[PDB]
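Shown here: target-v2.cif, mmCIF, N, CA and C atoms; chains and numbers go by the auth columns.
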data_my_file
#
loop_
_atom_site.group_PDB
_atom_site.id
_atom_site.type_symbol
_atom_site.label_atom_id
_atom_site.label_comp_id
_atom_site.label_asym_id
_atom_site.label_seq_id
_atom_site.Cartn_x
_atom_site.Cartn_y
_atom_site.Cartn_z
_atom_site.B_iso_or_equiv
_atom_site.auth_seq_id
_atom_site.auth_asym_id
ATOM 1 N N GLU A 1 -8.169 10.234 9.498 0.00 1 F
ATOM 2 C CA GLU A 1 -8.873 10.172 10.806 0.00 1 F
ATOM 3 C C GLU A 1 -8.912 8.746 11.344 0.00 1 F
ATOM 4 N N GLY A 2 -9.601 7.866 10.625 0.00 2 F
ATOM 5 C CA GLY A 2 -9.703 6.481 11.046 0.00 2 F
ATOM 6 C C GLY A 2 -8.355 5.788 11.090 0.00 2 F
ATOM 7 N N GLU A 3 -7.883 5.492 12.296 0.00 3 F
ATOM 8 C CA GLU A 3 -6.597 4.826 12.472 0.00 3 F
ATOM 9 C C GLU A 3 -6.777 3.454 13.112 0.00 3 F
ATOM 10 N N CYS A 4 -7.910 2.817 12.831 0.00 4 F
ATOM 11 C CA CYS A 4 -8.201 1.498 13.381 0.00 4 F
ATOM 12 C C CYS A 4 -7.192 0.469 12.886 0.00 4 F
ATOM 13 N N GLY A 5 -7.101 -0.647 13.598 0.00 5 F
ATOM 14 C CA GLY A 5 -6.176 -1.697 13.216 0.00 5 F
ATOM 15 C C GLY A 5 -6.748 -2.603 12.145 0.00 5 F
ATOM 16 N N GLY A 6 -6.174 -2.540 10.948 0.00 6 F
ATOM 17 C CA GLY A 6 -6.651 -3.364 9.853 0.00 6 F
ATOM 18 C C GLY A 6 -5.962 -4.713 9.790 0.00 6 F
ATOM 19 N N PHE A 7 -5.592 -5.127 8.582 0.00 7 F
ATOM 20 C CA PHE A 7 -4.924 -6.408 8.380 0.00 7 F
ATOM 21 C C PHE A 7 -3.480 -6.365 8.873 0.00 7 F
ATOM 22 N N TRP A 8 -2.913 -5.165 8.946 0.00 8 F
ATOM 23 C CA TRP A 8 -1.536 -5.001 9.401 0.00 8 F
ATOM 24 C C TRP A 8 -1.289 -3.581 9.903 0.00 8 F
ATOM 25 N N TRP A 9 -1.725 -3.309 11.129 0.00 9 F
ATOM 26 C CA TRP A 9 -1.549 -1.989 11.726 0.00 9 F
ATOM 27 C C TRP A 9 -0.576 -2.047 12.901 0.00 9 F
ATOM 28 N N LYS A 10 0.519 -1.302 12.795 0.00 10 F
ATOM 29 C CA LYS A 10 1.531 -1.269 13.848 0.00 10 F
ATOM 30 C C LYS A 10 0.902 -0.968 15.207 0.00 10 F
ATOM 31 N N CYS A 11 1.060 -1.899 16.143 0.00 11 F
ATOM 32 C CA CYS A 11 0.509 -1.737 17.484 0.00 11 F
ATOM 33 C C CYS A 11 1.566 -2.028 18.545 0.00 11 F
ATOM 34 N N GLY A 12 1.320 -1.563 19.764 0.00 12 F
ATOM 35 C CA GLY A 12 2.261 -1.784 20.847 0.00 12 F
ATOM 36 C C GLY A 12 2.220 -0.682 21.888 0.00 12 F
ATOM 37 N N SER A 13 3.388 -0.322 22.412 0.00 13 F
ATOM 38 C CA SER A 13 3.482 0.726 23.422 0.00 13 F
ATOM 39 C C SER A 13 3.430 2.107 22.779 0.00 13 F
ATOM 40 N N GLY A 14 2.225 2.657 22.669 0.00 14 F
ATOM 41 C CA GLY A 14 2.058 3.967 22.069 0.00 14 F
ATOM 42 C C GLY A 14 1.260 3.911 20.783 0.00 14 F
ATOM 43 N N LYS A 15 0.315 2.979 20.720 0.00 15 F
ATOM 44 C CA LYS A 15 -0.522 2.814 19.539 0.00 15 F
ATOM 45 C C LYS A 15 -1.975 2.569 19.934 0.00 15 F
ATOM 46 N N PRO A 16 -2.898 2.634 18.960 0.00 16 F
ATOM 47 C CA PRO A 16 -4.319 2.425 19.198 0.00 16 F
ATOM 48 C C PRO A 16 -4.697 0.947 19.167 0.00 16 F
ATOM 49 N N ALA A 17 -5.953 0.656 19.491 0.00 17 F
ATOM 50 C CA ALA A 17 -6.441 -0.718 19.500 0.00 17 F
ATOM 51 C C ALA A 17 -6.919 -1.136 18.115 0.00 17 F
ATOM 52 N N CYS A 18 -6.859 -2.435 17.839 0.00 18 F
ATOM 53 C CA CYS A 18 -7.288 -2.958 16.546 0.00 18 F
ATOM 54 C C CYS A 18 -8.807 -3.072 16.488 0.00 18 F
ATOM 55 N N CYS A 19 -9.342 -3.138 15.275 0.00 19 F
ATOM 56 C CA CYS A 19 -10.782 -3.249 15.078 0.00 19 F
ATOM 57 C C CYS A 19 -11.323 -4.523 15.723 0.00 19 F
ATOM 58 N N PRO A 20 -12.648 -4.601 15.922 0.00 20 F
ATOM 59 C CA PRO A 20 -13.287 -5.772 16.534 0.00 20 F
ATOM 60 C C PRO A 20 -12.952 -7.069 15.803 0.00 20 F
ATOM 61 N N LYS A 21 -12.541 -6.950 14.543 0.00 21 F
ATOM 62 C CA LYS A 21 -12.197 -8.117 13.739 0.00 21 F
ATOM 63 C C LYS A 21 -10.692 -8.374 13.750 0.00 21 F
ATOM 64 N N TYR A 22 -9.909 -7.301 13.825 0.00 22 F
ATOM 65 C CA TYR A 22 -8.456 -7.419 13.839 0.00 22 F
ATOM 66 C C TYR A 22 -7.917 -7.368 15.266 0.00 22 F
ATOM 67 N N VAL A 23 -6.730 -7.933 15.466 0.00 23 F
ATOM 68 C CA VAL A 23 -6.108 -7.953 16.785 0.00 23 F
ATOM 69 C C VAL A 23 -4.593 -7.816 16.683 0.00 23 F
ATOM 70 N N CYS A 24 -3.974 -7.348 17.762 0.00 24 F
ATOM 71 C CA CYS A 24 -2.528 -7.170 17.798 0.00 24 F
ATOM 72 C C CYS A 24 -1.826 -8.488 18.111 0.00 24 F
ATOM 73 N N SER A 25 -1.044 -8.978 17.155 0.00 25 F
ATOM 74 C CA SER A 25 -0.318 -10.232 17.329 0.00 25 F
ATOM 75 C C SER A 25 0.645 -10.146 18.509 0.00 25 F
ATOM 76 N N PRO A 26 0.780 -11.242 19.273 0.00 26 F
ATOM 77 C CA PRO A 26 1.672 -11.288 20.435 0.00 26 F
ATOM 78 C C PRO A 26 3.144 -11.283 20.035 0.00 26 F
ATOM 79 N N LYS A 27 3.456 -11.969 18.941 0.00 27 F
ATOM 80 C CA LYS A 27 4.828 -12.041 18.451 0.00 27 F
ATOM 81 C C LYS A 27 5.195 -10.780 17.677 0.00 27 F
ATOM 82 N N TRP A 28 4.288 -10.339 16.813 0.00 28 F
ATOM 83 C CA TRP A 28 4.511 -9.142 16.011 0.00 28 F
ATOM 84 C C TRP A 28 3.555 -8.028 16.422 0.00 28 F
ATOM 85 N N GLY A 29 4.084 -6.815 16.545 0.00 29 F
ATOM 86 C CA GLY A 29 3.262 -5.684 16.933 0.00 29 F
ATOM 87 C C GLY A 29 2.464 -5.121 15.773 0.00 29 F
ATOM 88 N N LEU A 30 1.529 -5.914 15.259 0.00 30 F
ATOM 89 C CA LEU A 30 0.694 -5.487 14.142 0.00 30 F
ATOM 90 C C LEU A 30 -0.729 -6.012 14.295 0.00 30 F
ATOM 91 N N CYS A 31 -1.697 -5.219 13.846 0.00 31 F
ATOM 92 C CA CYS A 31 -3.101 -5.604 13.930 0.00 31 F
ATOM 93 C C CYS A 31 -3.507 -6.421 12.708 0.00 31 F
ATOM 94 N N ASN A 32 -3.894 -7.671 12.941 0.00 32 F
ATOM 95 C CA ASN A 32 -4.307 -8.558 11.859 0.00 32 F
ATOM 96 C C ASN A 32 -5.363 -9.548 12.338 0.00 32 F
ATOM 97 N N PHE A 33 -5.866 -10.363 11.417 0.00 33 F
ATOM 98 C CA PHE A 33 -6.880 -11.357 11.746 0.00 33 F
ATOM 99 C C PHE A 33 -6.363 -12.330 12.803 0.00 33 F
ATOM 100 N N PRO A 34 -7.277 -12.982 13.544 0.00 34 F
ATOM 101 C CA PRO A 34 -6.904 -13.941 14.588 0.00 34 F
ATOM 102 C C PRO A 34 -6.280 -15.208 14.013 0.00 34 F
ATOM 103 N N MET A 35 -6.700 -15.572 12.806 0.00 35 F
ATOM 104 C CA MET A 35 -6.181 -16.762 12.142 0.00 35 F
ATOM 105 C C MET A 35 -6.808 -16.930 10.758 0.00 35 F
ATOM 106 N N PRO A 36 -6.034 -17.441 9.783 0.00 36 F
ATOM 107 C CA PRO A 36 -6.524 -17.648 8.417 0.00 36 F
ATOM 108 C C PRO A 36 -7.789 -18.500 8.379 0.00 36 F
#

Serialized structure, structure tokens:
Amino acid sequence: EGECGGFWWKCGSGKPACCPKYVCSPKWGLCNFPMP
């Protein structure tokens, strides 16, 4: 059920939004932290 964006969740054209903590990288279509 839960398909939130974790440390590495495929995002882009046809995907869900990342969690409040994770975000979709501009270079790579994956949900991860904003920065180490």

Using the chain letters and numbers from the file, give me the residues hit by the PyMOL selection byres (((chain F and resi 6-17 and name CA) around 8) and name CA), as JSON, numbers by chain. {"F": [3, 4, 5, 18, 19, 22, 23, 24, 29, 30, 31, 32, 33]}

Quick one: write out the picked residues with N, CA and C atoms as an mmCIF file, keeping the file's coordinate frame?
data_model
loop_
_atom_site.group_PDB
_atom_site.id
_atom_site.type_symbol
_atom_site.label_atom_id
_atom_site.label_comp_id
_atom_site.auth_asym_id
_atom_site.auth_seq_id
_atom_site.Cartn_x
_atom_site.Cartn_y
_atom_site.Cartn_z
ATOM 1 N N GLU F 3 -7.883 5.492 12.296
ATOM 2 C CA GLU F 3 -6.597 4.826 12.472
ATOM 3 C C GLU F 3 -6.777 3.454 13.112
ATOM 4 N N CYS F 4 -7.910 2.817 12.831
ATOM 5 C CA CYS F 4 -8.201 1.498 13.381
ATOM 6 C C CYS F 4 -7.192 0.469 12.886
ATOM 7 N N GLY F 5 -7.101 -0.647 13.598
ATOM 8 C CA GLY F 5 -6.176 -1.697 13.216
ATOM 9 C C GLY F 5 -6.748 -2.603 12.145
ATOM 10 N N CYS F 18 -6.859 -2.435 17.839
ATOM 11 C CA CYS F 18 -7.288 -2.958 16.546
ATOM 12 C C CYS F 18 -8.807 -3.072 16.488
ATOM 13 N N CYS F 19 -9.342 -3.138 15.275
ATOM 14 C CA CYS F 19 -10.782 -3.249 15.078
ATOM 15 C C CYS F 19 -11.323 -4.523 15.723
ATOM 16 N N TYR F 22 -9.909 -7.301 13.825
ATOM 17 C CA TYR F 22 -8.456 -7.419 13.839
ATOM 18 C C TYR F 22 -7.917 -7.368 15.266
ATOM 19 N N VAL F 23 -6.730 -7.933 15.466
ATOM 20 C CA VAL F 23 -6.108 -7.953 16.785
ATOM 21 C C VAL F 23 -4.593 -7.816 16.683
ATOM 22 N N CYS F 24 -3.974 -7.348 17.762
ATOM 23 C CA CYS F 24 -2.528 -7.170 17.798
ATOM 24 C C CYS F 24 -1.826 -8.488 18.111
ATOM 25 N N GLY F 29 4.084 -6.815 16.545
ATOM 26 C CA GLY F 29 3.262 -5.684 16.933
ATOM 27 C C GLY F 29 2.464 -5.121 15.773
ATOM 28 N N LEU F 30 1.529 -5.914 15.259
ATOM 29 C CA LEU F 30 0.694 -5.487 14.142
ATOM 30 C C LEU F 30 -0.729 -6.012 14.295
ATOM 31 N N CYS F 31 -1.697 -5.219 13.846
ATOM 32 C CA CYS F 31 -3.101 -5.604 13.930
ATOM 33 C C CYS F 31 -3.507 -6.421 12.708
ATOM 34 N N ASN F 32 -3.894 -7.671 12.941
ATOM 35 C CA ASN F 32 -4.307 -8.558 11.859
ATOM 36 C C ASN F 32 -5.363 -9.548 12.338
ATOM 37 N N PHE F 33 -5.866 -10.363 11.417
ATOM 38 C CA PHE F 33 -6.880 -11.357 11.746
ATOM 39 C C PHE F 33 -6.363 -12.330 12.803
#

Mind pulling up the distance from atom N of residue 1 in chain F to atom C of residue 27 in chain F?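 Atom C of residue 27 in chain F sits 26.2 Å away from atom N of residue 1 in chain F.
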
DSSP says strand (DSSP E) for which residues of chain F? Put them as a PyMOL selection string? chain F and resi 9-10+23-24+30-32

Edge lengths and centre in Å, axis-aligned, range 1-20 of chain F plus 5 Å each side, as lines of an AutoDock Vina configuration file:
center_x = -4.9
center_y = 1.6
center_z = 15.9
size_x = 26.8
size_y = 27.3
size_z = 25.0
